[PDB]
>>> print(open('data13.pdb').read())   # PDB, C-alpha atoms
MODEL        1
ATOM      1  CA  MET A   1      -3.581   5.142  13.976
ATOM      2  CA  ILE A   2      -5.920   3.047  11.829
ATOM      3  CA  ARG A   3      -5.662  -0.706  11.388
ATOM      4  CA  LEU A   4      -5.012  -1.936   7.869
ATOM      5  CA  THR A   5      -4.837  -5.544   6.665
ATOM      6  CA  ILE A   6      -1.801  -7.375   5.222
ATOM      7  CA  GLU A   7      -3.205  -7.079   1.659
ATOM      8  CA  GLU A   8      -3.746  -3.322   2.009
ATOM      9  CA  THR A   9      -0.405  -2.343   3.552
ATOM     10  CA  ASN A  10       1.621  -4.658   1.231
ATOM     11  CA  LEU A  11       0.070  -2.929  -1.810
ATOM     12  CA  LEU A  12       1.034   0.437  -0.291
ATOM     13  CA  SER A  13       4.575  -0.955   0.154
ATOM     14  CA  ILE A  14       4.817  -1.325  -3.658
ATOM     15  CA  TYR A  15       4.259   2.443  -4.279
ATOM     16  CA  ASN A  16       5.291   4.033  -0.906
ATOM     17  CA  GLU A  17       7.235   7.201  -1.762
ATOM     18  CA  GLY A  18       6.716  10.842  -0.753
ATOM     19  CA  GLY A  19       4.279  10.190   2.088
ATOM     20  CA  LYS A  20       0.689   9.296   1.250
ATOM     21  CA  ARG A  21       0.519  12.069  -1.352
ATOM     22  CA  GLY A  22       3.251  10.603  -3.514
ATOM     23  CA  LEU A  23       1.828   7.144  -2.748
ATOM     24  CA  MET A  24      -1.562   8.191  -4.218
ATOM     25  CA  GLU A  25       0.127   9.862  -7.210
ATOM     26  CA  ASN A  26       2.247   6.699  -7.738
ATOM     27  CA  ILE A  27      -0.787   4.393  -7.576
ATOM     28  CA  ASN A  28      -3.116   6.567  -9.723
ATOM     29  CA  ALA A  29      -0.471   7.073 -12.455
ATOM     30  CA  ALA A  30       0.306   3.352 -12.563
ATOM     31  CA  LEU A  31      -3.355   2.140 -12.473
ATOM     32  CA  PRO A  32      -3.326   0.925 -16.218
ATOM     33  CA  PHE A  33       0.101  -0.647 -15.514
ATOM     34  CA  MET A  34      -1.234  -2.426 -12.431
ATOM     35  CA  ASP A  35      -3.103  -5.719 -12.096
ATOM     36  CA  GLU A  36      -6.955  -5.570 -11.933
ATOM     37  CA  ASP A  37      -7.048  -7.089  -8.403
ATOM     38  CA  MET A  38      -4.289  -4.667  -7.302
ATOM     39  CA  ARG A  39      -6.245  -1.685  -8.691
ATOM     40  CA  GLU A  40      -9.557  -2.583  -6.983
ATOM     41  CA  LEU A  41      -7.639  -3.106  -3.725
ATOM     42  CA  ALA A  42      -5.875   0.266  -4.254
ATOM     43  CA  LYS A  43      -9.070   2.351  -4.276
ATOM     44  CA  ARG A  44     -10.133   0.733  -0.963
ATOM     45  CA  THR A  45      -6.792   1.336   0.786
ATOM     46  CA  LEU A  46      -6.294   4.905  -0.523
ATOM     47  CA  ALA A  47      -9.764   5.734   0.843
ATOM     48  CA  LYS A  48      -8.366   4.760   4.288
ATOM     49  CA  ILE A  49      -5.557   7.333   3.993
ATOM     50  CA  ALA A  50      -7.849   9.967   2.411
ATOM     51  CA  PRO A  51      -8.932  11.238   5.963
ATOM     52  CA  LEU A  52      -5.241  11.015   7.026
ATOM     53  CA  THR A  53      -2.190  13.243   6.478
ATOM     54  CA  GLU A  54       1.533  12.589   5.818
ATOM     55  CA  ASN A  55       1.903  12.502   9.630
ATOM     56  CA  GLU A  56      -0.625   9.668  10.155
ATOM     57  CA  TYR A  57       0.713   7.599   7.247
ATOM     58  CA  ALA A  58       4.271   8.000   8.649
ATOM     59  CA  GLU A  59       2.970   6.331  11.842
ATOM     60  CA  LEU A  60       1.828   3.371   9.700
ATOM     61  CA  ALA A  61       5.071   3.462   7.612
ATOM     62  CA  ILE A  62       4.204   0.045   6.117
ATOM     63  CA  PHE A  63       3.687  -2.245   9.080
ATOM     64  CA  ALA A  64       1.887  -5.144   7.365
ATOM     65  CA  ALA A  65       4.106  -6.394   4.523
ATOM     66  CA  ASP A  66       6.579  -8.486   6.540
ATOM     67  CA  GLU A  67       4.172 -11.384   7.032
ATOM     68  CA  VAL A  68       4.151 -12.260   3.298
ATOM     69  CA  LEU A  69       7.969 -12.430   3.084
ATOM     70  CA  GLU A  70       8.081 -16.007   4.447
ATOM     71  CA  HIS A  71       5.990 -17.250   1.480
ATOM     72  CA  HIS A  72       8.616 -16.821  -1.270
ATOM     73  CA  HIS A  73      11.502 -14.630  -0.003
ATOM     74  CA  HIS A  74      12.526 -12.080  -2.603
ATOM     75  CA  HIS A  75      16.331 -11.798  -2.415
ATOM     76  CA  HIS A  76      17.098  -8.333  -1.100
TER
ENDMDL
END
>>> encode(input="data13.pdb", output="structure tokens")
Amino acid sequence: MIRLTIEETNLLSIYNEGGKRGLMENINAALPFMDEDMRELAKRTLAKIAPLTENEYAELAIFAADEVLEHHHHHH
């Protein structure tokens, strides 16, 4: 298990679907629809999961996106 930051894992939380494969296909298809800062962050974080499989990304399973919820609270 690798250690990702809050910025990295929260961006993955936006497109997390179908393991890390569908996550990469979600991010790369929505790159022109994404923010510039989000896109430059995306290429760094996807390079972390590039040496990983669906198994290793399921161990991560978005761990670091709960810390930013206290800042605004999106009603869910």
>>> resolve_selection(input="data13.pdb", expression="the PyMOL selection byres ((chain A and resi 23-26) around 12)", output="ChimeraX atom specification")
/A:9,11-22,27-34,39,42-50,53-54,57-58,61-62
>>> closest_residue(input="data13.pdb", among="A:38, A:52, A:69, A:64", to="residue A:10", atoms="all atoms listed in the file")
A:64
>>> resolve_selection(input="data13.pdb", expression="the PyMOL selection byres ((chain A and resi 3) around 10)", output="NGL selection string")
:A and (1-2 or 4-6 or 8-9 or 48 or 60 or 63-64)
>>> axis_aligned_box(input="data13.pdb", around="stretch 4-19 of chain A", padding_each_side="4 Å", output="lines of an AutoDock Vina configuration file")
center_x = 1.1
center_y = 1.7
center_z = 1.8
size_x = 20.2
size_y = 26.2
size_z = 20.1
>>> atom_distance(input="data13.pdb", atom1="atom CA of residue A:65", atom2="atom CA of residue A:36")
19.8 Å
